[PDB]
Each structure stands twice: as structure tokens, then as C-alpha cells.
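One chain comes next, on its own, written out as C-alpha cells in the form deposited in one PDB entry.
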């Protein structure tokens, strides 16, 4: 029987540049809370990179490619920081960084809510052939109240904490296990919430 993609024994993941803590696991589908994934400074820098990229990509600017408004503008431009972090993430996720879509940065304001959703795409969808297989959500700041990552079919919540992350995979043969990774963010009620996400495809993506 094919084992989980995430393949780590023990209570830490030793990456080239950082020791990540394995905090807790829901065992099937695999959902893993991870500590110390990003430094505080790295969290702050990813937020700043997202803001500065946006401030200079408006209408009339030279590089306002149309697709960035619908809706790829949340992916960071490549630089030495994003390469460093994607390399670390690849050790955590056991999949080369070439399979990653790249660091996607998003913020949630008070009382905003998304529906719970799946991260993988629908069958016969455009991305079905080389679908997403696993996700890493990195919390880039502390949230005074609300903002939990909630898995409603499992009744499991992961609360945001700067530098912490939640990993989950949905590449199971039994499709019901993949559907149990349905998830959304509980509303922020005090503060704001910043996350970086790495979505990993079955095959190479970039």
C-alpha cells in the first residue's frame, strides 16, 4: 500500500537551514501542525514583498499583465528569499519545489469569510490532469481573535500563530479521504490574518 507523501519519522524535520517541529497530526487524511517553519523576519518580509509588488502593478504601469487581476497577482515574484523558503518547504512536503505553484500571499480582514473548499480541482477541470496533491499554509502574523483554519467534516481547527503552518495532503486513492480535507478560514473578529500558501502539483509545474 502506497504510504503518505509526507514521509517524516520522529518529532522534528531537519531541513538544510531550519528544524521544524511536528506538533500534532490528524492521521487520515493527513493534516499536520508544524512549528518554526518560518522565522518572524521571513514572515514580515513575505508580507512586505506582497505589498510592494502590488503597489507598482496598477493600470498604466508597464508590467500590469492582465492575468494578475484575475487572479495571479497574489503569487510573489521569484527572488532569493522565495527560493530559500520554497527549498525548505520542499523538504517538509517531500516534493520538489518545481511542483509548487509558488508562494501565494493573502490577507483576511475582520468579518470576511470564504466558503469551505477543496484545494484540488474538479475532475474534467483544466487542472485535473496535473492536479494539486498537497498544501502548506503558513501563518505570517498573530491574530488576536478568530482566523482559525477549520476542517468542517473533521471538526478540527488549527489556530493561527506566527511562523507556524498546517500541512495537508489529498492524494488518496479513496476519494472520500480527499474530500475530508474540505477547509476554510473562520472569520477574523479582532486583528487581521496573513498567510502564505504553497500548492503542490502531482507533476512539475514550473
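Shifts are known only where both forms have a C-alpha. We call the rigid core whatever largest set of C-alpha positions still superposes within 1.5 Å between the two forms. Positions refer to the first chain, counted from 1.
Beyond the structure shown, there is the form deposited in another entry, which is absent from this document and is the topic of what follows.
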Looking between this form and the one not shown after fitting on the rigid core, I'd like to know which of 33, 156, 68, 47 has a C-alpha displacement of 2 Å or more.
68
Note whether the distance between the C-alpha atoms of residue 119 and residue 68 decreases (closer) or increases (farther) in the other entry, against the displayed form; the change is 3 Å or more.
closer
One pair moves by 3 angstroms or more in the other entry: the C-alpha atoms of residue 75 and residue 54, which are farther
Residue runs (3+) with all C-alpha shifts of 2 Å or more between this form and the one not shown, core-fitted, in sequence order, are 52-56, 58-73
